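One structure is given below, encoded as structure tokens.
All residue numbers refer to positions in the sequence shown, counting from 1. In each ligand, atom 1 is the first atom listed, and ligand 1 is the first ligand listed.
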Amino acid sequence: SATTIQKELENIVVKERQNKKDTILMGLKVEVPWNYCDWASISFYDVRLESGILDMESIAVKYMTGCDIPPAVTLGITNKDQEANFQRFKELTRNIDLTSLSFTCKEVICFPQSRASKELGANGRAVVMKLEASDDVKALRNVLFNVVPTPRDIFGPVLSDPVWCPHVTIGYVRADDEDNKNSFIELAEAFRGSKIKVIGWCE
Ligand SMILES: Nc1nc2c(ncn2[C@@H]2O[C@H](CO)[C@H](O)[C@H]2OP(=O)(O)OC[C@H]2O[C@H](n3cnc4c(N)ncnc43)[C@H](O)[C@H]2O)c(=O)[nH]1
């Protein structure tokens, strides 16, 4: 059970993600086998077309743009002042062939609605494709966090240790439309087992 301090710490994590703006993405740009037309029957949730959003610049709602999402696998999200460390890490890993890295589409997961986005007026959940990352990718991410200070991912209880879920976000859908969500997941599940090639860092 969550204690008084643990519940208060969860309020801090939510508010920290709401106030967090102007951050950099340390991810791996990838090529996906699915296309926009594959989800033609699906209705998507785009905050740029919605009303009641309290802070369009907050990272908790800013990137909820329907299926208009760049194909990429996020390794970590850190602050803007760490951009020199991230540039230094990309030069330290200059001899690493990122194109040899590869992921495997395992399962389609609809992430729960984050409380940070819901408080900002968002009504969308992320439908992603969970990936199986190799040891090379896991080691690249761990050394990345060793060179570049990165905030700890706290998506659940503050007491639980973070479990990295490597994924490619396919699109956001409304949280109050189960038929549209189930149909999207069923169509996305047809791409399970597809091998995903990395092209390089996200720019
Ligand atoms: N439940 C749950 N959710 C998880 C988990 N892991 C990740 N998520 C994601 O958590 C979110 C919850 O708050 C959301 O539910 C869900 O959405 P995404 O995975 O699509 O992430 C948003 C994208 O925008 C960031 N981003 C993009 N572009 C930039 C940029 N230019 N600068 C800085 N940041 C950028 C992210 O890095 C991108 O992925 C998890 O384990 N469990």
* Do me a favour and list the nearest non-hydrogen protein atom to atom 40 (C) of ligand 1 with residue, atom name and distance? => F155 CD1, 3.4 Å

* Looking at side-chain heavy atoms only, is the closest gap between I69 and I170 below 4.5 Å? -> no

* To do: Just jot down the ligand 1 atoms closer than 4.0 angstrom to any heavy atom of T169, in number order.
  => 18 (P), 19 (O), 20 (O)

* **Side chain to side chain, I24 and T78, heavy atoms closer than 4.5 Å** => yes

* Structure fact -> The answer for which part of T23 has a heavy atom under 4.0 Å from ligand 1 is both

* **Heavy-atom check, side chain of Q6 versus side chain of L159, under 4.5 Å** => yes

* Could you tell me whether the side chain of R141 and the main chain of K138 form a donor-acceptor pair under 3.5 Å? => no

* Asked: Less than 4.5 Å apart, any side-chain heavy atom of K195 and any of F103?
  -> no

* **Centroid-centroid under 6.0 Å between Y172 and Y63 rings** => no

* Does some non-hydrogen atom of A116 fall short of 4.0 Å from ligand 1? -> no

* Under-4.0 Å heavy-atom contact with ligand 1, by part of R125 that carries it -> neither

* Check: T99/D97 side-chain N/O donor and acceptor closer than 3.5 Å -> yes

* **Taking atom 19 (O) of ligand 1 as the reference point, the nearest protein heavy atom with its distance** => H167 NE2, 2.6 Å

* **Taking atom 26 (N) of ligand 1 as the reference point, the nearest protein heavy atom with its distance** => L25 CD1, 3.4 Å

* Supply the atom-to-atom distance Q82 CD to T150 OG1, rounded to the nearest 0.5 angstrom. => 7.5 Å

* Write out the residue and atom name of the closest protein heavy atom to atom 3 (N) of ligand 1, then the distance separating them to 0.1 Å. => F111 CD1, 3.3 Å

* To do: May I ask you to identify the nearest protein heavy atom to atom 14 (C) of ligand 1, giving residue, atom name and distance to one decimal place in Å?
  => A126 CB, 4.5 Å

* **Protein residue, atom and distance nearest to atom 31 (N) of ligand 1, heavy-atom basis** => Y63 OH, 3.5 Å

* **Residues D55 and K62 bridged, charged N to O under 4.0 Å** => no

* Structure fact -> min-distance protein heavy atom vs atom 11 (C) of ligand 1 -> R17 NH2, 4.0 Å

* Between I196 and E31, is any pair of side-chain heavy atoms under 4.5 Å apart? -> no

* Answer yes or no for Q113: is there a heavy-atom contact with ligand 1 below 4.0 Å? => no

* Could you find the nearest protein heavy atom to atom 34 (N) of ligand 1 and give me its residue, atom name and distance? => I77 CD1, 3.4 Å

* Atoms of ligand 1 less than 4.0 Å from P112 heavy atoms? -> 1 (N)

* To do: Could you list the atoms of ligand 1 found under 4.0 angstrom from a heavy atom of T74?
  => 37 (O), 38 (C), 39 (O)

* **Contact atoms of ligand 1, heavy-atom distance to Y172 under 4.0 Å** => 17 (O), 18 (P), 20 (O), 22 (C)

* Looking at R152 and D161, does any basic side-chain N land under 4.0 Å from a carboxylate oxygen? -> yes

* **Per-residue contact class, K62 against ligand 1 - non-hydrogen pairs under 4.0 Å** => neither

* Mind checking whether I59 has a heavy atom under 4.0 Å from ligand 1? -> no

